[PDB]
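To start, the structure itself, in structure tokens.
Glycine also receives a Cβ, built like all others from the backbone with ideal geometry; neighbour counts cover every protein chain displayed. Please treat every number below as a calculation from the coordinates, not as lab data.
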Amino acid sequence: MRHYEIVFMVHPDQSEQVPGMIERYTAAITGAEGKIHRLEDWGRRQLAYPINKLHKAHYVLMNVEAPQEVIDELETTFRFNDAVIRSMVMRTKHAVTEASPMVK
Amino acid sequence: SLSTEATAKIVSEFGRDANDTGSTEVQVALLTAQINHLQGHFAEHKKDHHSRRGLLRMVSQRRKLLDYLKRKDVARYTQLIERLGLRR
Amino acid sequence: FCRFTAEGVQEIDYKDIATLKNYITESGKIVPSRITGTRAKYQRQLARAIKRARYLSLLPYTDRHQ
Amino acid sequence: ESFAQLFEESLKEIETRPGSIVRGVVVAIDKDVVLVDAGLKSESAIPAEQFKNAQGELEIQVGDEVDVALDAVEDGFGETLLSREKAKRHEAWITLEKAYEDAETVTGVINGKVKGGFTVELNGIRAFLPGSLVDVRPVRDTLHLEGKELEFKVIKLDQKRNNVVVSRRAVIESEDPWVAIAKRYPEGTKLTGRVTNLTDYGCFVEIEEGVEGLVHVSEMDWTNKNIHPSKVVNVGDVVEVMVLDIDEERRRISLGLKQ
Amino acid sequence: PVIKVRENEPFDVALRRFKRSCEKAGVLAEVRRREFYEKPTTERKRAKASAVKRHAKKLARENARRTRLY
Amino acid sequence: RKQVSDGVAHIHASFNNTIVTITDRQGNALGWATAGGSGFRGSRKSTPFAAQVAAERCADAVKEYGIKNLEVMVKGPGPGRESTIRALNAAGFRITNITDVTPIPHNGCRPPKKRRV
RNA sequence: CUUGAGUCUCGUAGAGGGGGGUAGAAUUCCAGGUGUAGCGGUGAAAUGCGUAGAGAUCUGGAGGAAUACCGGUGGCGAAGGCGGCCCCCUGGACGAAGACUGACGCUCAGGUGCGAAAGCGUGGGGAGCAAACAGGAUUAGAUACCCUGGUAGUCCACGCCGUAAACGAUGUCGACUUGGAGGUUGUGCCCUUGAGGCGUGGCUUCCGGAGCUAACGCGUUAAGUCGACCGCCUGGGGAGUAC
């Protein structure tokens, strides 16, 4: 429908919970016949500046071709979920399946 | 704007050839649909003045087209206005 | 002497942090298109990318802040 | 007729833009201005200093032929960029010749490293090379008789920015500038750079593959303020300069010359 | 303009470096600019005026240069 | 008083008056001095010399703490900026870092109106 | 009938508009730590804040407003105007080829809408700034300029107001007439042999030719050469006032 690109940052103490969260997110996307073109756990990462007093955080990239309702839902979930510190759902023109420059 | 598929559909229905697209009637239909679509938007967003300008322009264009149709060929115009449900 | 014209990139990536780092100051500021000689079209894109990065804590807003 | 059209495409065919075709005949000499005519719209105001060879006196009388250079047209009145750069292409060709047989042989004599590589001079010109290139091993030409005769065996060349470090003695043995701007960095790496334009606050020596250096007015000499850089150095000349400072961000490498 | 004195570096040199850094930053200038409120109009005017001046310097002067002084 | 080897010098350099404050690395102020305090008033205290002497005074004040290493944080625009740090150096601390810490907003609050003189 | 006008296809750049989120810097205040006599301010002072612990400095919190750098005689918009980042809704512009419609066009008195800032109404909000006001200076006086404070207001919602040097002091639309140097945004070909080479469109900054102009100047974005429609002027004041 519309090709979004999502990057969310999880609190580093909840790093072991991340995979489950990712799975959940994927599931929702799948539900509305939404494809998920790339998905990249960047892992624990040093922040350029300390958001909410903490210096590292766990970054997950995820590209999705989904309807906007589901995106909205995801956003809502993120906002209420306290594990995820920041998110940045961000539209894109194409599917962009090729890997990110920091993974490579 | 009007989605491509929708536009195509509109063209097919009103246009005689379906490849035509520029038929007066077809154009009018296209305009009308757009106007209808924008009504919903403008109910929500009453202060969106700039956008409303475009809508107004479109309406004017439609009116002009209708007028043109009327002088040329009355029956067709009548048919069109029955189809679309334009009071005038 | 623009890099992005020669590379022929379609869009500048906020994730490509290293690249960004060449166009950012020691103090964190985005470097002018006079100095870098970046093309105008690309420059804006680059700036946007940098901003995005800053939001994601990939790049810093400034050297001092903590 | 089409005689002229054909003559035009003929004359297009029998010239090219760079200093390649040795065509300008020296048609007036006066100190300090040489002048040629390579089939261009006007005659060059040549310096005398693009034409004296290795000890200071002139070498070419009337009728003699060197190509110059091009791609720059009309600053008001006149035609060229200097033929001496011409010469650089010839030097490049000889350096390239190495590739064929994997060994360019001339003479290279390198006494010392301004910036970590002995300086080698070939014919009139002198070039700077990275520190390893001067010696094959750890021999070091400091114990060799000063300004000794070998050749140059190439160690390293930078391929964009022109720095070539060459192999003295041991005959038996046989975007782009700004990401990795850490090569000439570390505090004081001396460079050989041609100055370009002196902007009454500066001199703008800039050689190392698409960068910009200043050497502004404060150093330049051992007088501060009364100096006026046009009096004190040159126009278009390869000099002693080193970095003293790099910002890889606001591309201002701030070189010096008082060293 | 964060700086660290290198091992066996003179004080004066360090100071100079710091100064240079500051200059590069344009921190002082920035401060000066934000001392008082500039009306938008005024800001616009300065920018355009400055631009005009620059243009004048570039072209008219160049034209003058073509002709010799004595 | 507990002696401390390393600390910070905060140099608040205004247009009218320089204030030097030596503190520990954590934030807790050890001593301070000012150009206004050093026996300079109006025209005099808005000068580099004044700033320097303030700095000197400050240094003197934190003698008992036994401070060898010192990082400097320079704030605001003023004469007392280079001079002050020089003075500090003279007074005989190993100057470790020289930081600028001027508060630059990213266009935030409206400044006061421009003076008509 | 297709050259004007419009429709369709694919892209393009954009501070165009409306709505909802969020980020970081800085100011202010609150609470607490450290610390000690000044701070602040000016031409110079004083009022003012300070030993009831200010200023400085560090930690934590609150809240509002605006978005450094990018940033440009850059961009978009009918004009007014529009500037962090993200999403949702949405208007226009331009190019590339085709395909279609077939004069459907231009202008417009009345009419209708949009229309900076200040201002008004009701309800919120209120950090900073600041008409009014107060004090301190300056001064012959100082109902000002400068300083210290400071309330409407600025901010948001929904209404009204309908004006500005609302300016390019230049109505809109179309056609035609030598050139140069740029900027920006497409697009066709070319060995992109390289940041290039040769074109071709849109918008745009400066200089200047003919011509025009009282001169200043304008000059393919005309103030030139013409056509279509509208608006407006008829000495200064009285007056854009009175009724």
HN-Hα J in Hz across region D:26-36 - Karplus 6.51, -1.76, 1.60, θ = phi - 60°, x for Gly and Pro: 6, 10, 8, 10, 7, 5, 10, 9, 8, 8, 10
Karplus 3J(HN,Hα) series, Hz, for region D:247-254 with 6.51 cos²θ - 1.76 cosθ + 1.60 (x for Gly, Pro): 10, 6, 6, 8, 2, 10, 7, 9
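How many percent of all Cα-Cα pairs in region A:1-92 sit more than 23 Å apart? Before the final figure, lay out each step's value.
Details: 831 of 4186 pairs.
Summing the P(r) tail past 23 Å for region A:1-92 gives 20 percent.
To the nearest 20 debye, what charge dipole does the protein assembly as shown have about its Cα centre, counting +1 at the Cβ of each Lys and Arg and -1 at the Cβ of each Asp and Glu? Present the calculation step by step, with values, prior to reporting the outcome.
Values: 117 positive and 96 negative charges, 1066 e Å.
Charge dipole of the protein assembly as shown: 5120 debye, to the nearest 20.
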MRE, 222 nm, helices only [DSSP H, n ≥ 4, -39500 (n - 2.57), over the protein assembly as shown, to nearest 500]: -10500 deg cm²/dmol
Sites E:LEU28 and D:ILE60 - FRET efficiency at Förster radius 35 Å, r taken between beta-carbons, to 0.05: 0.05
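Applying a 10 Å radius around every beta-carbon, put D:212-223, D:88-99 in order of their mean neighbour count, most first. Walk me through the intermediate numbers first.
Values: D:212-223: 17.2, D:88-99: 12.9.
Top to bottom by mean Cβ count within 10 Å: D:212-223, D:88-99.
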Simple Cβ-charge dipole of chain D, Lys/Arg +1 and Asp/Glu -1, about Cα centre, in debye nearest 20: 1260
3J(HN,Hα) from dihedral phi, region B:56-66, Karplus parametrisation 6.51/-1.76/1.60, rounded to Hz, x for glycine, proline: 4, 4, 4, 4, 4, 4, 4, 4, 4, 4, 4
Furthest towards positive pole of dipole, A:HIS37, A:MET102, A:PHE80, structure part chain A, Cβ charges: A:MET102
Inter-chain Cβ neighbour average for residues A:44-51, partner chain, 10 Å: 4
Amide hydrogen neighbours beyond the local backbone of D:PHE128, cut-off 5 Å, H modeled: D:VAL120, D:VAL164
Where labels lie 7 Å past Cα in the beta-carbon direction, separation of B:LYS64 and E:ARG16 in nm: 7.2
Amide H contacts under 5 Å for D:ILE46, placed H, 5+ residues apart: D:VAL34, D:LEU35, D:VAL36
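Efficiency by 1/(1 + (r/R0)^6): what FRET value for A:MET90 and A:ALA32, r their Cβ-Cβ distance, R0 = 22 Å, to the nearest 0.05? Mind showing how you got there, number by number?
Working: r = 19 Å, r/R0 = 0.87.
In this case the efficiency is close to 0.70.
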Cα centroid of region D:71-144 to Cα centroid of region F:53-99, whole Å: 51
Distance between modelled label sites at F:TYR65 and D:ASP102, nm, 7 Å Cα→Cβ extension: 6.7
Residues with amide H under 5 Å from that of F:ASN97, placed H, sequence gap 5 or more: E:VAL5, F:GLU71, F:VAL72
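Determine, from the Cβ-Cβ distance of D:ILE21 and A:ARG2 and an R0 of 45 Å, the FRET efficiency 1/(1 + (r/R0)^6), rounded to the nearest 0.05. All intermediate terms of the calculation are to be shown ahead of the outcome.
Working: r = 61 Å, r/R0 = 1.35.
Efficiency computed from Cβ-Cβ geometry: 0.15.
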Per-residue mean of C-beta atoms belonging to partner chains within 10 Å, peptide C:49-62: 4
Set of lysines with alpha-carbon distance to E:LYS19 below 17 Å, sequence-local pairs under 8 removed: E:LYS4, F:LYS75
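Would you mind working out the magnitude of the charge dipole of chain E relative to its Cα centre, with +1 at each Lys and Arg C-beta and -1 at each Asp and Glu C-beta, to the nearest 20 Debye?
That gives a dipole near 660 debye.
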Dipole-positive endmost among C:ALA40, C:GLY8, C:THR19 within chain C (Cβ charges, Cα centre): C:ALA40
Farthest toward positive dipole pole in region D:1-140 [+1 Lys/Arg, -1 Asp/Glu at C-beta], among D:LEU133, D:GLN61, D:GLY24: D:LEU133
Under 27 Å from the Cα of D:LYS31 - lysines, other chains or at least 8 residues apart: D:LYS41, D:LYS52, D:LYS86, D:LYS88, D:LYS231
Distance between modelled label sites at F:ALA29 and C:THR62, nm, 7 Å Cα→Cβ extension: 2.2
